[PDB]
Amino acid sequence: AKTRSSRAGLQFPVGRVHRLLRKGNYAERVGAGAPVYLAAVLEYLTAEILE
DNA sequence: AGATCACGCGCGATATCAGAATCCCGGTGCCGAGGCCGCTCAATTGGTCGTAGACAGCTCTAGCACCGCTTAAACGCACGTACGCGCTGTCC
């Protein structure tokens, strides 16, 4: 699978989250797992609200 | 004078006579949502290099702990007064 969400088994965009973390002036560098973790958390909260 | 029965008055509950507002059921037209299509930009793949972070060794500062005194502060008790709370009436 190409998309990083598919690798992480998520419906939210890991690539977009990584890009925002980088172009958000949050830190000099952004780990590889931070976008995955944040996408998973956002997906969980979205599902929790939508249920 | 006391007890029982009948009648009258007062209070509570149900019904009701109504009528008022809400919810519901149906038909209807709509526009807002879901979906398909095409295009392209942003994400992915591959590779590099460099520094940020991980790890080990050492240092010594600060946290923990312990003891013992002394004494400020908490705890306890009691009297009472004044504040909380309930009841009531009036006016707006």
# chains A, B, ... in the order shown; residues from 1 in each chain; ligands from 1

$ interface_residues --of "chain B" --to "chain A" --cutoff "12 Å" --atoms "only C-alpha atoms (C1' of nucleotides)" --output "PyMOL selection string"
chain B and resi 42-45+51-53

$ select_by_dssp --residues "chain A" --states "alpha helix (DSSP H)" --output "ChimeraX atom specification"
/A:4-8,14-22,33-50

$ write_last_selection --atoms "C-alpha atoms" --output "mmCIF file, in the first residue's frame"
data_model
loop_
_atom_site.group_PDB
_atom_site.id
_atom_site.type_symbol
_atom_site.label_atom_id
_atom_site.label_comp_id
_atom_site.auth_asym_id
_atom_site.auth_seq_id
_atom_site.Cartn_x
_atom_site.Cartn_y
_atom_site.Cartn_z
ATOM 1 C CA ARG A 4 0.709 6.205 4.815
ATOM 2 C CA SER A 5 -2.804 5.959 6.258
ATOM 3 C CA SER A 6 -3.136 2.495 4.729
ATOM 4 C CA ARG A 7 0.131 1.493 6.380
ATOM 5 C CA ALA A 8 -1.231 2.850 9.671
ATOM 6 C CA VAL A 14 -1.256 10.835 7.798
ATOM 7 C CA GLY A 15 0.432 12.691 4.950
ATOM 8 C CA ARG A 16 -1.693 15.807 5.369
ATOM 9 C CA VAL A 17 -1.205 15.736 9.134
ATOM 10 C CA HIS A 18 2.556 15.459 8.659
ATOM 11 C CA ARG A 19 2.541 18.373 6.227
ATOM 12 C CA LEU A 20 0.540 20.532 8.634
ATOM 13 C CA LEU A 21 2.817 19.648 11.545
ATOM 14 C CA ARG A 22 5.774 20.711 9.413
ATOM 15 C CA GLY A 33 5.348 8.502 14.120
ATOM 16 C CA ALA A 34 3.932 11.824 15.275
ATOM 17 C CA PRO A 35 1.671 12.248 12.213
ATOM 18 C CA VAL A 36 0.426 8.674 12.577
ATOM 19 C CA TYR A 37 -0.324 9.117 16.271
ATOM 20 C CA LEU A 38 -2.069 12.447 15.732
ATOM 21 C CA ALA A 39 -4.112 11.106 12.820
ATOM 22 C CA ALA A 40 -5.161 8.123 14.924
ATOM 23 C CA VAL A 41 -6.198 10.369 17.814
ATOM 24 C CA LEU A 42 -8.156 12.676 15.511
ATOM 25 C CA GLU A 43 -9.862 9.695 13.891
ATOM 26 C CA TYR A 44 -10.782 8.282 17.288
ATOM 27 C CA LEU A 45 -12.261 11.562 18.499
ATOM 28 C CA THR A 46 -14.162 12.088 15.249
ATOM 29 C CA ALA A 47 -15.620 8.587 15.474
ATOM 30 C CA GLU A 48 -16.474 9.112 19.140
ATOM 31 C CA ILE A 49 -18.396 12.301 18.375
ATOM 32 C CA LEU A 50 -20.068 10.838 15.294
#

$ atom_distance --atom1 "atom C1' of residue B:33" --atom2 "atom CA of residue A:9"
28.0 Å

$ decode --residues "chain A" --atoms "C-alpha atoms" --output "short mmCIF file (atom, residue, chain, number, x, y, z; two decimals), in the first residue's frame"
data_model
loop_
_atom_site.label_atom_id
_atom_site.label_comp_id
_atom_site.auth_asym_id
_atom_site.auth_seq_id
_atom_site.Cartn_x
_atom_site.Cartn_y
_atom_site.Cartn_z
CA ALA A 1 0.00 0.00 0.00
CA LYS A 2 1.27 3.46 -0.93
CA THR A 3 -0.68 5.84 1.31
CA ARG A 4 0.71 6.21 4.81
CA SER A 5 -2.80 5.96 6.26
CA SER A 6 -3.14 2.50 4.73
CA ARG A 7 0.13 1.49 6.38
CA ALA A 8 -1.23 2.85 9.67
CA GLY A 9 -4.70 1.44 8.98
CA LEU A 10 -6.41 4.81 9.35
CA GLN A 11 -9.09 6.76 7.55
CA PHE A 12 -7.49 10.12 8.35
CA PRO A 13 -4.63 11.53 6.24
CA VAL A 14 -1.26 10.83 7.80
CA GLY A 15 0.43 12.69 4.95
CA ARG A 16 -1.69 15.81 5.37
CA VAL A 17 -1.21 15.74 9.13
CA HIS A 18 2.56 15.46 8.66
CA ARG A 19 2.54 18.37 6.23
CA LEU A 20 0.54 20.53 8.63
CA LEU A 21 2.82 19.65 11.54
CA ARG A 22 5.77 20.71 9.41
CA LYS A 23 4.14 23.90 8.08
CA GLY A 24 2.74 24.89 11.46
CA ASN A 25 5.92 26.11 13.14
CA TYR A 26 5.50 23.62 15.97
CA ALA A 27 9.11 22.40 16.00
CA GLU A 28 12.22 22.27 13.86
CA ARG A 29 11.73 18.57 13.07
CA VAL A 30 8.72 16.25 13.16
CA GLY A 31 9.08 12.56 13.91
CA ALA A 32 7.82 9.87 11.58
CA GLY A 33 5.35 8.50 14.12
CA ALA A 34 3.93 11.82 15.28
CA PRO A 35 1.67 12.25 12.21
CA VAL A 36 0.43 8.67 12.58
CA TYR A 37 -0.32 9.12 16.27
CA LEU A 38 -2.07 12.45 15.73
CA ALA A 39 -4.11 11.11 12.82
CA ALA A 40 -5.16 8.12 14.92
CA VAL A 41 -6.20 10.37 17.81
CA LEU A 42 -8.16 12.68 15.51
CA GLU A 43 -9.86 9.69 13.89
CA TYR A 44 -10.78 8.28 17.29
CA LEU A 45 -12.26 11.56 18.50
CA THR A 46 -14.16 12.09 15.25
CA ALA A 47 -15.62 8.59 15.47
CA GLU A 48 -16.47 9.11 19.14
CA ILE A 49 -18.40 12.30 18.38
CA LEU A 50 -20.07 10.84 15.29
CA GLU A 51 -21.29 7.74 17.13
#
